[PDB]
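Structure first, commentary second.
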Amino acid sequence: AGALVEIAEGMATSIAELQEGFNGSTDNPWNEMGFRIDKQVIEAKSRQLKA
Amino acid sequence: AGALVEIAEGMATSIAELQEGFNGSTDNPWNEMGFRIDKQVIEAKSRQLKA
Amino acid sequence: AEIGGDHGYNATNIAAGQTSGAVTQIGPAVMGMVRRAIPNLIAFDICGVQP
């Protein structure tokens with residue numbers, strides 16, 4: 001219907017230049033990314049027949 | 001509807017290694033196979049004319 | 001009767017080499033590592049750059 005549109009904008013320079021406690025500021029942390037690395041283990045199920 | 005789906009999976013090694021009386025176990029027989037071999041007998045019917 | 005045994009099919013049991021039988025295997029091999037593919041970009045021929 002156009003009432004609710006999707007947008008995305010960058011961060012203002014005044015907030016980006018001073019990030020994570022610059023010029024006496026506080027509680028303005030960076031955003032961080034990491035990798036998880038998790039494993040899956042499978043098992044060999046058997047099968048057999050007789051005559 | 002997907003409520004009753006069709007599956008297929010093997011046997012756990014702990015249950016397949018000891019099958020039909022190994023390590024003192026019992027009441028775990030194998031699944032067996034074989035052939036039946038049944039026969040059909042036909043008869044030669046005749047057919048003739050005269051001039 | 002030295003049973004070969006198996007893991008309890010628990011993920012931790014497989015990953016730790018545990019086995020309900022006699023021997024405990026070294027490790028659960030390495031079949032490979034999957035990484036999620038980086039989504040592709042749309043290029044900038046739809047919007048002028050003007051650096």
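Convention: chains lettered A, B, ... in structure tokens order; per-chain residue numbering from 1; ligands numbered from 1 as shown.
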**Q.** chain A residues near chain C (8 Å cut-off, only C-alpha atoms) as a VMD selection string
**A.** chain A and resid 40 to 43
Filtering to N, CA and C atoms, could you give me those residues as a short mmCIF file (atom, residue, chain, number, x, y, z; two decimals), in the first residue's frame?
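What follows is the written file again.cif:
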```
data_model
loop_
_atom_site.label_atom_id
_atom_site.label_comp_id
_atom_site.auth_asym_id
_atom_site.auth_seq_id
_atom_site.Cartn_x
_atom_site.Cartn_y
_atom_site.Cartn_z
N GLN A 40 29.14 -30.68 13.03
CA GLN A 40 28.14 -31.73 13.02
C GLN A 40 28.84 -33.07 12.90
N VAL A 41 28.33 -34.05 13.64
CA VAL A 41 28.89 -35.39 13.64
C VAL A 41 27.82 -36.38 13.23
N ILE A 42 28.16 -37.27 12.30
CA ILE A 42 27.26 -38.31 11.83
C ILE A 42 27.82 -39.65 12.26
N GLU A 43 27.00 -40.69 12.16
CA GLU A 43 27.37 -42.02 12.60
C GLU A 43 27.02 -43.03 11.52
#
```
Q: Quick one: superpose chain A on chain B on all Cα atoms, same order, and give the RMSD.
A: 1.4 Å
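The list of residues with at least one atom within 9 Å of residue 29 in chain A, based on only C-alpha atoms and without residues fewer than 2 positions apart in the same chain, reads residues 19, 20, 21, 26, 27 and 31 of chain A.
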Next, write the just-selected residues to a file, as a PDB file, in the first residue's frame, keeping C-alpha atoms as the atom set.
```
ATOM      1  CA  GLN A  19      32.857   6.284  18.720  1.00  0.00           C
ATOM      2  CA  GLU A  20      33.667   4.155  21.785  1.00  0.00           C
ATOM      3  CA  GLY A  21      34.723   6.882  24.172  1.00  0.00           C
ATOM      4  CA  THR A  26      30.473   7.198  26.626  1.00  0.00           C
ATOM      5  CA  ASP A  27      28.052   4.359  25.874  1.00  0.00           C
ATOM      6  CA  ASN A  31      29.198  -2.796  16.087  1.00  0.00           C
TER       7      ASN A  31
END
```
Q: List the neighbours of residue 13 in chain B out to 6 Å using only C-alpha atoms; skip same-chain residues closer than 2 positions along the sequence, and give me the result as number ranges by chain.
A: A: 46; B: 15-17; C: 6
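You can rank B:44, B:7, B:12, B:18 by their closest distance to chain A using only C-alpha atoms, and at the top of that list sits B:12.
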**Q.** 12 Å contact set for residue 35 in chain A, only C-alpha atoms, chain neighbours under 2 positions out, as a PyMOL selection string
**A.** (chain A and resi 32-33+37-38) or (chain C and resi 35-36)
Quick one: everything within 8 Å of range 23-27 of chain C, counting only C-alpha atoms, minus sequence neighbours fewer than 4 positions away in the same chain. Send it as a PDB file with C-alpha atoms, in the first residue's frame.
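Final output, saved to selection05.pdb:
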```
ATOM      1  CA  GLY C   4      33.250 -53.667  18.906  1.00  0.00           C
ATOM      2  CA  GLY C   5      30.517 -51.450  20.309  1.00  0.00           C
ATOM      3  CA  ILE C  14      30.754 -39.237  18.608  1.00  0.00           C
ATOM      4  CA  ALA C  15      32.813 -36.048  18.907  1.00  0.00           C
ATOM      5  CA  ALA C  16      34.736 -37.332  21.950  1.00  0.00           C
ATOM      6  CA  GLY C  17      35.493 -40.752  20.471  1.00  0.00           C
ATOM      7  CA  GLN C  18      33.475 -42.485  23.186  1.00  0.00           C
ATOM      8  CA  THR C  19      32.218 -45.996  22.493  1.00  0.00           C
TER       9      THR C  19
END
```
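Atom to atom, CA of residue 2 in chain C and CA of residue 23 in chain B stand 8.3 Å apart.
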Any chance you could tabulate, as a tab-separated table, the residues of chain A at most 7 Å from chain B with each one's nearest atom pair and distance in Å to one decimal, using only C-alpha atoms, in chain and rising number order?
```
residue	atom	partner	partner_atom	distance
A:45	CA	B:12	CA	5.1
A:46	CA	B:11	CA	4.8
A:47	CA	B:11	CA	5.6
A:49	CA	B:31	CA	5.6
A:50	CA	B:32	CA	4.5
A:51	CA	B:33	CA	5.1
```
Q: Work out how far apart CA of residue 44 in chain C and CA of residue 4 in chain A are and give it in Å to one decimal.
A: 25.8 Å
Q) Please, which residues of chain A, numbered as in this document, come out helix (DSSP H, G or I) from DSSP, as a list in words? A) residues 13, 14, 15, 16 and 17 of chain A
How would the residues just picked look written out with N, CA, C and O atoms as a tab-separated table (two decimals), in the first residue's frame?
```tsv
chain	number	residue	atom	x	y	z
A	13	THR	N	28.24	11.78	10.56
A	13	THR	CA	29.68	11.89	10.79
A	13	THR	C	30.00	12.33	12.21
A	13	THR	O	31.00	11.88	12.78
A	14	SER	N	29.18	13.20	12.79
A	14	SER	CA	29.43	13.64	14.16
A	14	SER	C	29.37	12.49	15.15
A	14	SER	O	30.03	12.54	16.20
A	15	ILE	N	28.59	11.46	14.85
A	15	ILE	CA	28.51	10.30	15.72
A	15	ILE	C	29.54	9.24	15.34
A	15	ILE	O	30.00	8.49	16.21
A	16	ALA	N	29.91	9.16	14.06
A	16	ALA	CA	30.87	8.15	13.63
A	16	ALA	C	32.31	8.51	14.00
A	16	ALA	O	33.09	7.62	14.36
A	17	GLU	N	32.67	9.79	13.91
A	17	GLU	CA	34.05	10.18	14.21
A	17	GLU	C	34.40	9.92	15.67
A	17	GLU	O	35.50	9.47	15.98
```
Q) So what do you get for CA of residue 37 in chain C versus CA of residue 49 in chain C, distance-wise? A) 26.9 Å
